[PDB]
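Q: so I've got this experimental structure, pasted below with the sequence.
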Amino acid sequence: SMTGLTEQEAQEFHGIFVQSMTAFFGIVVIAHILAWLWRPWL
Amino acid sequence: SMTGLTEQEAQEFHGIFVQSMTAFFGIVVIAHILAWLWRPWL
Amino acid sequence: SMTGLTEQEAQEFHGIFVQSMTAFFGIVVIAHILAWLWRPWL
Amino acid sequence: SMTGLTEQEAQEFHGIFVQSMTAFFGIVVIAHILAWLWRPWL
Amino acid sequence: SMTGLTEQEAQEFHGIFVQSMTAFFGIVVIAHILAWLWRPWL
Amino acid sequence: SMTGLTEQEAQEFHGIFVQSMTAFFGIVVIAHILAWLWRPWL
Amino acid sequence: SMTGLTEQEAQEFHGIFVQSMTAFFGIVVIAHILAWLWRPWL
Amino acid sequence: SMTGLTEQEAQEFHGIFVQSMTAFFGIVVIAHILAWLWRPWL
Amino acid sequence: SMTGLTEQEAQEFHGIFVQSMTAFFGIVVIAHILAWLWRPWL
Amino acid sequence: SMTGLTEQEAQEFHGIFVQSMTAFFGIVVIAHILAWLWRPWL
Amino acid sequence: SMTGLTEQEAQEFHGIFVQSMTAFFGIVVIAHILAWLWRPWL
Amino acid sequence: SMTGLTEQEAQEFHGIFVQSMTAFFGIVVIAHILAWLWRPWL
Amino acid sequence: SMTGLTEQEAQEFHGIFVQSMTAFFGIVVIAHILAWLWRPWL
Amino acid sequence: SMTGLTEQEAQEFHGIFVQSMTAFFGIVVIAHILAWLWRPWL
Amino acid sequence: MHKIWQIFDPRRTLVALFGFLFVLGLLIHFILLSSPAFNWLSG
Amino acid sequence: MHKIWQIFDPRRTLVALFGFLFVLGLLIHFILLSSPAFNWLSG
Amino acid sequence: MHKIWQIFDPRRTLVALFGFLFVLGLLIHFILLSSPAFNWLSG
Amino acid sequence: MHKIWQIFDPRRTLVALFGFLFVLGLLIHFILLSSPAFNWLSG
Amino acid sequence: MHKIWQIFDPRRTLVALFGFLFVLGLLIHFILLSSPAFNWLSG
Amino acid sequence: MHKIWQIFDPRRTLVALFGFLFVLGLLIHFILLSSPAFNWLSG
Amino acid sequence: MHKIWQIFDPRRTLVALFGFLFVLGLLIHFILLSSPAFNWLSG
Amino acid sequence: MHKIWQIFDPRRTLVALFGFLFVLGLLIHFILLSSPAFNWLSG
Amino acid sequence: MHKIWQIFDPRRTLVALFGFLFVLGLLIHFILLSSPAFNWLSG
Amino acid sequence: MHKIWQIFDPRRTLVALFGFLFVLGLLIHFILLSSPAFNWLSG
Amino acid sequence: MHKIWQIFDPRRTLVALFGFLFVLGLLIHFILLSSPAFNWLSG
Amino acid sequence: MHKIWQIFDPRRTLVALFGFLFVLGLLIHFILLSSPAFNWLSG
Amino acid sequence: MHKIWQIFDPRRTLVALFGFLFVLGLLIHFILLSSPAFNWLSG
Amino acid sequence: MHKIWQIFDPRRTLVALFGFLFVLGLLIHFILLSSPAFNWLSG
Ligand code: BCL
Ligand code: BCL
Ligand code: BCL
Ligand code: BCL
Ligand code: BCL
Ligand code: BCL
Ligand code: BCL
Ligand code: BCL
Ligand code: BCL
Ligand SMILES: COC(C)(C)C\C=C/C(C)=C/C=C/C(C)=C/C=C/C(C)=C/C=C/C=C(C)/C=C/C=C(C)/C=C/C=C(C)/C=C/CC(C)(C)OC
């Protein structure tokens, strides 16, 4: 609409983006659980 | 009117913008409640 | 007259501007009443 | 004369300018009276 | 003669300029009398 | 799609990229195991 | 001769320049007499 | 594909690059063995 | 000869220049005599 | 291939380059032997 | 020859230059005699 | 070949260059022998 | 040859240059003799 | 060869250059003999 | 009073106003933090 | 006196006036904060 | 209120808003780290 | 004396005059604040 | 929500996101190193 | 003596003269403030 | 997941990745040298 | 001796001369202020 | 794996590699000189 | 010896000479002021 | 191995090589001068 | 020996020579002023 | 070996060579002046 | 040996030679002034 991507190219990029972000957040959550097990900060 | 969007593209962007802002503010409110239960500042 | 807005577009912008500024000032007044209840400065 | 405004556009702007400046000066005078009742400086 | 103004525009500007400068100087004189009654410096 | 590579050139680069990154991560993991046997940090 | 003024415009300017400078010097002389009566420096 | 080299010029460059890098790494390994016999750091 | 002035314009400027410089030097001499009567420096 | 030299010019430059580098390295080796007999560093 | 002056314009400038420089040097010599009478430095 | 000199101009320059460098090195060697008889550094 | 002066303009400049340099060096020599009679430095 | 001088303009310059450099070196040698007679540094 | 929007651009004015208001809020909050009597983050 | 608007641009004059007034208010408030007798944020 | 998107560019606004919100979060977290009463990384 | 307005521009002159007058007032007020005998904000 | 990719470039956004995430991770790791209670490299 | 106005621009000369006179007055007033015997704002 | 190479240049990405990895390795090695408990070159 | 005006511009010679004379007067007055024996503003 | 030479220029890559290797060797040699235990030029 | 004016511009030679002479006189007067034995403004 | 001369220029390469070799020799000689055990000019 | 003036520009040579001679005289006079044994302005 | 002159400009090589040789001689002479054991101008 | 003047320009070479010789003489004289044993201006 403004960059050049159609709604099918945007839905193709959005799905992979959400999957990658979810994997990143899962790794982050596991790391933070390990950190809390190591040294709780609250 | 000034940037190029019509009333339908501006109402479509406004709805998603308001939903995202509401989700952001809800997460912020939960975080601030947790912070107050952690360390009240007033 | 000087920027490009007609009188109807300026009256349309002025109403929304005044409503937004009034909401902002109401929130500001509530916050300042709360601050006076917390720590009066005069 | 030199900017582009006629005597009617300049008189239209001058009236609103003087009204706004008078309102500003009235608010300023009230604030200064309040400040004098708070802490006189002379 | 040099900047573009005629003798009627220069006399029209000169009268208003002199009136404004006289008002400014009168306000200044009143302020300086008040200052002298507040704290003489000589 | 955006740079110029087709999906066959992107799948050819992706395979070699993933193999190289996997080899790099395996060397990194071996080095980190050796470092842990040398000086554990947790 | 060098700037553009004729000798009638230069003599028109010179008379006003001399009158203004003489008034300035008279005010300066009065101020310096007042200063000497206030605090002589020699 | 991207810089201009063909597969035969790249395979010709890759072989010499790998041979030179292997010789460099062998010299580095001998130097590091000599350093360990001189002053072990672990 | 080099700037554009003729010998009559240069002699007209030279006379006024010499008169002005002589007046300046006379004022300077009077001031220096007054300074010597005030505080001799040699 | 990339600069402009043919292989006959590159081979004939390579021989002189290698001879000069070998002479340089031999002089360096003699100097380093002399330095070791003067002050061993290991 | 190199700047634009002829031999008659150069001789005209040279005579006045030498006269002015001689007057300057005479004033300098008188000043230096007065200075030596005031405070000899050798 | 690369700068513009032929094989005879380069050979002509090389002979004089080598002779000059040999003279420079002979002077350097004599100076260094003198310096060693003055203050040996090894 | 390189600047533009002929052999007659270069010989005419050279004679005056040498005369001026000789006069300068004679004045310098007299000054240095006077300085040695004032304060010898060797 | 590179600048523009022929073999005759370079031999004419070389002779004068060598004569001037020889005179400079002779003056330098006399000065250094005088300096050694004044304060030997070795 | 609406005629100001025919003199002042509705958007450059609005962006400048929002920026100045944000900077003003930052400044006032930083001033109250520098004052010990009104610093709410100590205690 | 209205003819000043045929000499001075209504918008650039007005923007400059608003900016100078804001800077003047900031300056006066800061000066009163730097004066112990008129600092209202101490105590 | 949606008409603001006909005045403000949806993407440049979003970029500026996200940048200012990130800088604001960084600033608030750094201010709370500089306050001993609210530093959670000490202890 | 009005002919000065045929030499000097009514607007640039006037802007410069207002600017120098404002800077002069600021300077005089700041000088009196730097003088203990005439500082009105102490006490 | 995918329509953000019609407003924001998939690559410039993605490069900026990766760079900001890397700088944020560096900042958080450095802040935890500056805190003695959470420095894992001392001991 | 009026011929100077055919050599010197009546306006640039006049602006320069006014500026130099103002700076000279400021300098003289500042020199007297720096001299304790002639400082009128002390006491 | 390979489609990222249709969004990102295999060579500028790869050069940037190698440079960031090298700088990261240098930084981590320097940080372990600044920590006495993990400095391997002392002793 | 008048021929100097055929060599030097009556206006730039004159402006430069006035400027150098003013700077010279300022310098001489400042030097006499820096000398206690000739400072007339002390006492 | 050879196809990297169709993405990366053999010469600029090679110059960059040689420069980085030289700077890395200088850095490692300077780090070992700064460490008393591994300085070989002392004693 | 007059031929120097065919090599050297009279106006630039006069300007440079006058400037150098003025700077030389200033330098000599300043050096004597820095000389206690030859300072005429002390006493 | 000679093919490197079809990738690298015999002259720029050679100039760079000579420059880096000279700077390396300077560096090594300065380092040995900064080491008291290997300074040959002390004594 | 005169042929040097077919090689050197007389005016640029003369200007450079005069400037270097003036700077040399200044340097020598300043060096002798900095030497107490040859300072003629002390005493 | 003469063919280096077909690669290296006979004149920028001799100029650079002469300049580097002069700088090297200056460096070596200055290093011996900074070494007390080899300073020939002390004593 | 004269062929150097077909390679080296006489004027630029000669100017550079004279400048370097002058700077070298200045440097050598300044070094002897910095050495107490060879300073001829003390005593
Ligand atoms: C403080 C006590 C703990 C510790 C607990 C924490 C906690 C808790 C977390 C980390 C996280 C990380 N820690 Mg830590 N960490 C410690 C000490 C270390 C030290 C060290 C020298 O000791 C190192 C170098 C690391 C390194 C890391 C990284 C693996 C990771 C941050 C990467 C990032 O910013 O991606 C962000 C940048 C990107 C570009 C990500 C993009 C992702 C996309 C989908 C993939 C594209 C490739 C991309 C270019 C790189 C991806 C890298 C991976 C996502 C890691 N930690 C110690 C001992 N650390 C975090 C993590 O797990 O994140 C994954 C995390 O939650
Ligand atoms: C001070 C005591 C508390 C604490 C209480 C507070 C409180 C109270 C709050 C936070 C908030 C945040 N805290 Mg904190 N926080 C603490 C310590 C930490 C530490 C740490 C190293 O210990 C980390 C790294 C964080 C990190 C964060 C982020 C998760 C979040 C701010 C994100 C932001 O600025 O979005 C702003 C920028 C954007 C671009 C948001 C845009 C949103 C849109 C809809 C989504 C688009 C994606 C966008 C690019 C990124 C979205 C990120 C998420 C919204 C978080 N906190 C401790 C222990 N913190 C706040 C929060 O919850 O925000 C959500 C919040 O209210
Ligand atoms: C000092 C004792 C009090 C306190 C009392 C005060 C008082 C009193 C006030 C605030 C106000 C604010 N305080 Mg506070 N505040 C405290 C501590 C904090 C801390 C903290 C880390 O503890 C935070 C981050 C804040 C944050 C804030 C903001 C919510 C708000 C200023 C926003 C602004 O400048 O908009 C200005 C910029 C704009 C662009 C506004 C534009 C409005 C339009 C209509 C909406 C468009 C969206 C726009 C882009 C963003 C709108 C934001 C909201 C209007 C807030 N306060 C404490 C504990 N604070 C003020 C407020 O309520 O303002 C609403 C206010 O009156
Ligand atoms: C020192 C002891 C006194 C004091 C005695 C003095 C004396 C004495 C005088 C002032 C004057 C002023 N004082 Mg005070 N003043 C004090 C402390 C203050 C403090 C403070 C925080 O305490 C404030 C903010 C002021 C502010 C002022 C201004 C109202 C005024 C200078 C305005 C100016 O420069 O216009 C100059 C710039 C212009 C552009 C003016 C142009 C005029 C034209 C005709 C109108 C066009 C509008 C123009 C843009 C703005 C007009 C402003 C008004 C003319 C003021 N005073 C105290 C307590 N002050 C002076 C004054 O009254 O001036 C009118 C004055 O004579
Ligand atoms: C702290 C206690 C340990 C130690 C434990 C750690 C741990 C744990 C690790 C290292 C890692 C490394 N250490 Mg260490 N390390 C120590 C001391 C040293 C010293 C030294 C002066 O003593 C040096 C020279 C090194 C050097 C190294 C490198 C070999 C490597 C980081 C390379 C890199 O960043 O690639 C990143 C940049 C790239 C461009 C990689 C790209 C990879 C692709 C596939 C190949 C292309 C070629 C590319 C240009 C270069 C490849 C290099 C290799 C992958 C190494 N270590 C000590 C004694 N070190 C890490 C490693 O093994 O990495 C492989 C690692 O995990
Ligand atoms: C040191 C002890 C004495 C003192 C003794 C000296 C002596 C002795 C002399 C001065 C001179 C001057 N002194 Mg004093 N002076 C003292 C203290 C002061 C103080 C002060 C704050 O107390 C000031 C304001 C001055 C100011 C002045 C000026 C009136 C004058 C330098 C003007 C100039 O440089 O023109 C130079 C620049 C020009 C442009 C002149 C050009 C002339 C042409 C023909 C006219 C064109 C108009 C031109 C633009 C301005 C003309 C100004 C007048 C010529 C003065 N004196 C004290 C108390 N002073 C000198 C003087 O009288 O000069 C006339 C002078 O000889
Ligand atoms: C530290 C204790 C020792 C000492 C032992 C070491 C050791 C060990 C070595 C040197 C080496 C050198 N030492 Mg040492 N050295 C000492 C003190 C000195 C002092 C001094 C004033 O005290 C001087 C000036 C030198 C100078 C030198 C150079 C002769 C040489 C490095 C030149 C170079 O970098 O070429 C590199 C740059 C080039 C451009 C070379 C290019 C070669 C090509 C084929 C020829 C083209 C001409 C080229 C432009 C210049 C050639 C120069 C020669 C090859 C030297 N040494 C002392 C007393 N030194 C090294 C050497 O012998 O190198 C040959 C060496 O191995
Ligand atoms: C150190 C103890 C002595 C002393 C002994 C020395 C000795 C010894 C010498 C000087 C020389 C000079 N000294 Mg001394 N000198 C002393 C103190 C001073 C003081 C002072 C404030 O006390 C002054 C200002 C001077 C000034 C001078 C100059 C007259 C002259 C250097 C001019 C020059 O550099 O021309 C160089 C620049 C030029 C451009 C010259 C060009 C010549 C051509 C032919 C003429 C063209 C005109 C040209 C533009 C200017 C000519 C100026 C004259 C040649 C002087 N001396 C004391 C008391 N001085 C030297 C001299 O006599 O030079 C002539 C000299 O030999
Ligand atoms: C240290 C104890 C001695 C001393 C012993 C040394 C020794 C030893 C020497 C000098 C030399 C010089 N000394 Mg000494 N010198 C002393 C103190 C001084 C003092 C001082 C303030 O006391 C000064 C002004 C000088 C000045 C000089 C110069 C005359 C000369 C360096 C000129 C030069 O660099 O040309 C180089 C630059 C050029 C451009 C030369 C070019 C030559 C061509 C052929 C001519 C063209 C004209 C050219 C532009 C200028 C020629 C100048 C003359 C050649 C001098 N000496 C004391 C008291 N001095 C040297 C000398 O005699 O050189 C001739 C020399 O050997
Ligand atoms: C076009 O080609 C034709 C057709 C003409 C054929 C010709 C081909 C030719 C002539 C090819 C020639 C090829 C050559 C000469 C190749 C040479 C290759 C070499 C020497 C490769 C070497 C590689 C070395 C590498 C990649 C080393 C990497 C090291 C790393 C990344 C180290 C990192 C260290 C880190 C980050 C951390 C720790 C270090 C410390 C502790 C210091 O940090 C503080």
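A: Received, thanks. Residues are numbered from 1 along each chain as shown, chains lettered A, B, ... in the order given. Ligands and ions are numbered 1, 2, ... in the order given.
Q: what about residue A:26, neighbour count?
A: 10 (other CB atoms under 10 Å in any protein chain shown). C-beta: built from backbone N, CA, C; applies to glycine.
Q: got the residue ranges for the helices in chain A?
A: A:7-38 (DSSP state H).
Q: what residue in it comes nearest to chain T?
A: Distances from chain A to chain T, computed as CB to the nearest CB, single out residue A:2 as the nearest residue at 52.2 Å.
Q: next up, the contacts around the nearest residue to that residue once chain neighbours are set aside.
A: The shortest distance from residue A:2 to any residue that is not its chain neighbour, by CB to CB, 6 or more residues apart in numbering or on different chains, is 5.1 Å, and that residue is residue S:7. Taking CB atoms under 8 Å, 6 or more residues apart in numbering or on different chains as the criterion, residue S:7 is in contact with A:1, A:2, A:3, Q:10, Q:11, Q:14.
Q: neighbour-wise, which one of the residues you listed leads?
A: Result: residue Q:10 is most packed of these (other CB under 10 Å), 26 neighbours.
Q: roughly how far does residue A:13 sit from chain C?
A: If you measure residue A:13 against chain C using CB to the nearest CB, to the nearest Å, the figure is 35 Å.
Q: wait, isn't residue A:16 in contact with residue U:6?
A: No: the pair formed by residue A:16 and residue U:6 falls short of the contact definition of CB atoms under 8 Å, at 11.7 Å.
Q: okay, these two: which has more neighbours?
A: Of the pair residue A:16 and residue U:6, residue U:6 is the one with more neighbours under other CB under 10 Å, namely 18 against 13.
Q: chain neighbours aside, what residue packs nearest to that one?
A: Using CB to CB, 6+ apart, the nearest residue to residue U:6 is residue F:1, at 3.8 Å.
Q: so what's that neighbour up against?
A: The contact partners of residue F:1, by CB under 8 Å, 6+ apart, come to A:9, U:3, U:6, U:7.
Q: gap between the last one and residue F:1?
A: When distance is defined by CB to CB, to the nearest Å, residue U:7 is 7 Å away from residue F:1.
Q: please apply the same query to the second one.
A: With distances taken as CB to CB, residue U:3 is found 7 Å from residue F:1.
Q: next, count neighbours for residue O:31.
A: 14.
Q: that one: what's it in contact with?
A: Neighbours of residue O:31 in contact, by CB under 8 Å, 6+ apart: P:33, P:41.
Q: got the phi/psi numbers for it?
A: Backbone torsions of residue O:31, given as degrees, to the nearest 10, read phi -70, psi -40.
Q: and chain A, which residues reach chain S?
A: Applying the criterion CB under 8 Å from any CB of the partner chain, the portion of chain A that neighbours chain S consists of A:1-3, A:5-7, A:9-11, A:13-14, A:17, A:39, A:41.
Q: identify the farthest-apart pair in the residues you listed.
A: A:6 and A:39 (48.4 Å; CB to CB).
Q: before we move on, the earlier item: which one of the residues of chain A next to chain S sits closest to residue S:20?
A: Using CB to CB, residue A:17 is the member of the residues of chain A next to chain S that lies nearest residue S:20, at 15.2 Å.
Q: distance check, residue A:39 against residue B:31.
A: 21 Å.
Q: for residue A:41, same thing?
A: Applying CB to CB, the value for residue A:41 to residue B:31 is 15 Å.
Q: ok, the two, which is more surrounded?
A: Per other CB under 10 Å, whichever of residue A:41 and residue B:31 has more neighbours is residue A:41, with 13 against 10.
Q: give the contact list for the more buried one.
A: For residue A:41, the residues meeting the contact criterion (CB under 8 Å, 6+ apart) are Q:40, Q:41, S:38.
Q: from chain H, how far off is the residue nearest to the spatial centre of chain A?
A: The structure's chain A has its C-alpha centroid closest to residue A:21; by CA atoms, centre = their mean the separation is 1.5 Å. Computed as CB to the nearest CB, the residue A:21 to chain H distance reads 30 Å.
Q: residue A:2 now?
A: Between residue A:2 and chain H the distance, using CB to the nearest CB, works out to 30 Å.
Q: do the same with residue A:31
A: Residue A:31 is 28 Å from chain H, by CB to the nearest CB.
Q: residue 34 - how many residues pack around it?
A: You didn't say which chain, so I picked chain A. Look at residue A:34: counted by other CB under 10 Å, it has 10 neighbours.
Q: let's do chain O instead
A: The number of residues packed near residue O:34 is 11, by other CB under 10 Å.
Q: give me phi/psi at it?
A: Dihedral angles for residue O:34 - degrees, to the nearest 10 - are phi -70, psi -20.
Q: how about stretch O:5-14, does it get close to ligand 3?
A: No: applying CB under 6 Å from any ligand atom, one finds stretch O:5-14 out of contact with ligand 3, separated by at least 9.1 Å.
Q: okay, how far is it across that stretch, tip to tip?
A: 11 Å (CA to CA, to the nearest Å).
Q: how far does that stretch sit from its chain's centre?
A: 18 Å (CA atoms, centre = their mean, to the nearest Å).
Q: now swap in stretch O:5-23 and tell me
A: In terms of CA atoms, centre = their mean, the gap separating the centre of stretch O:5-23 from the centre of its chain is 12 Å.
Q: would you mark the buried spots in it?
A: Neighbour counts using 16 or more other CB atoms under 10 Å in any protein chain shown place O:5, O:6, O:7, O:8, O:9, O:10, O:11, O:13, O:14 of stretch O:5-23 among the buried residues.
Q: quick one: stretch O:11-24 near chain P?
A: Yes: where contact is defined by CB under 8 Å from any CB, part of stretch O:11-24 touches chain P, namely residue O:20.
Q: what sits up against that stretch?
A: Under CB under 8 Å, 6+ apart, the answer for stretch O:11-24 is B:2, C:17, P:22, Q:7, Q:8, Q:20.
Q: how about a cut-off of 7 Å?
A: Residues external to stretch O:11-24 that are found in contact with it (CB atoms under 7 Å, 6 or more residues apart in numbering or on different chains): B:2, Q:7, Q:8.
Q: how about TSV for those residues, with distance to residue R:32 added?
A: Putting the contacts of stretch O:11-24 into TSV (distance: CB to CB, whole Å) gives the following:
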residue	distance to residue R:32
B:2	49
Q:7	47
Q:8	47
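Q: from these, pick the one nearest chain W.
A: If you rank the contacts of stretch O:11-24 by distance to chain W using CB to the nearest CB, residue Q:8 comes first, at 41.4 Å.
Q: secondary structure element for residue O:30?
A: Residue O:30 is part of helix O:12-34 when elements are defined by DSSP states H and E.
Q: next, the angle from that helix to helix C:7-38.
A: Counting by axes from the mean of the first three to the mean of the last three CA atoms, to 10 degrees, helix O:12-34 points 10 degrees away from the direction of helix C:7-38.
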